[PDB]
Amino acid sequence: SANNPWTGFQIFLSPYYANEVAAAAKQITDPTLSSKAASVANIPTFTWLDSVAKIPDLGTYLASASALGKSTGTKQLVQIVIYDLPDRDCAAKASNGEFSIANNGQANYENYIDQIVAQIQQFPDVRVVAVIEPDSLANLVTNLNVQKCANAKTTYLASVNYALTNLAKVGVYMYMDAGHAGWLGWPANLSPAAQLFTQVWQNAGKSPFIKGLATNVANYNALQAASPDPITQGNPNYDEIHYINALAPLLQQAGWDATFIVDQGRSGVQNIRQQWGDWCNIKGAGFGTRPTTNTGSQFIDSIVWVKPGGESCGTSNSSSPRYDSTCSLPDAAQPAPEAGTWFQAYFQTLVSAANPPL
């Protein structure tokens, strides 16, 4: 559209990912591979606010971005993921979300949003782009027979509403998570998906700050595949461009000229999955297309790196309180540490298998 949130801005680079990557590169013994790894700290990623404990970090990033913009004569942009719904990840075998619907989950989540708004309010010279709640609304399309998801439906809808409505008041550009081509891109899922996302957009007042949708977050799909991944059989929308090309007109018909961002951070290697639903620490993944607004699609504002490659998706240790058995599948890299903690061997392969090369 006319207003691409990224145009004319310099993206603030995550210091947390930068620190993880710096510590990782010096453990990589091959000196040319190590230097390639270190340059990954120069590639913009999204910062995940997956708990209230991450909110002070947001404050420091906004303040640092503000000072960097003044130091360099630029306008800075901070990239965040809103990821703390009560009863988070309702269809998963395990979730790490700190809030529960049974224990004031909605009110606690609204306080989490309020604390994020109170930080953003203080730095109006910094632009913020937020991905809204991966692995949430997409469950309300296809997973309503999971009892945890059926029970969470009204809370997901109310809490996402609260996030959209209140982040809009401080001017945050927002992309609702919308799964990926293998989830909502199935032709039969397109209309129910469009209906849900449009209703959410309406409930939040159709704010122009609700730009559209984020796809392939933390996943591995191609944006544009040379040949369909065997896991996609039965779905004519076998990559993200097919999915977005099919969904975007349905949103436009409802009055919402929605645009998209697409995670490609771990999309460099295709055809590495046994089944499309396999999502955890998929073995052999490589860093993919670097973030850019040169997307080739009228519908896509940016290719992005939302999931930071090298942070684990989940432990493969079946004795952990947080164990998700998806993370022990044959196509899952093992042994894997706890979700969010650094997974050095996985990072090294992301670097070695990067396509385009680093």
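Don't overthink the numbering: it's just position in the shown sequence, from 1.
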(message) If you take the mean CA temperature factor per stretch, which one wins between 174-182 and 279-287?
(response) 279-287
(request) Could you settle it for me: does 232-240 or 258-266 have the higher average Cα B factor in the PDB entry? (result) 232-240
(message) Using only the C-alpha B-factors in the record, can you name which of 73, 205, 134, 212 has the highest?
(response) 73
(message) So if I compare the CA B-factors in the entry for 142, 227, 155, 221, which one is the largest?
(response) 227
(message) Using the temperature factors of the C-alpha atoms in this entry, rank residue 311 within its chain: lowest, middle or highest third.
(response) middle
(message) Lowest, middle or highest third: which one holds residue 323 when the chain's residues are ordered by CA B-factor from the entry?
(response) highest
(request) Would you mind checking where the Cα B-factor of residue 126 ranks among the modelled residues of its chain, as the lowest, middle or highest third? (result) middle
(request) Would you check the entry's CA temperature factor for residue 169 and let me know if it's in the chain's lowest, middle or highest third? (result) lowest
(message) Is residue 43 in the lowest, middle or highest third of its chain when residues are ranked by C-alpha B-factor?
(response) middle
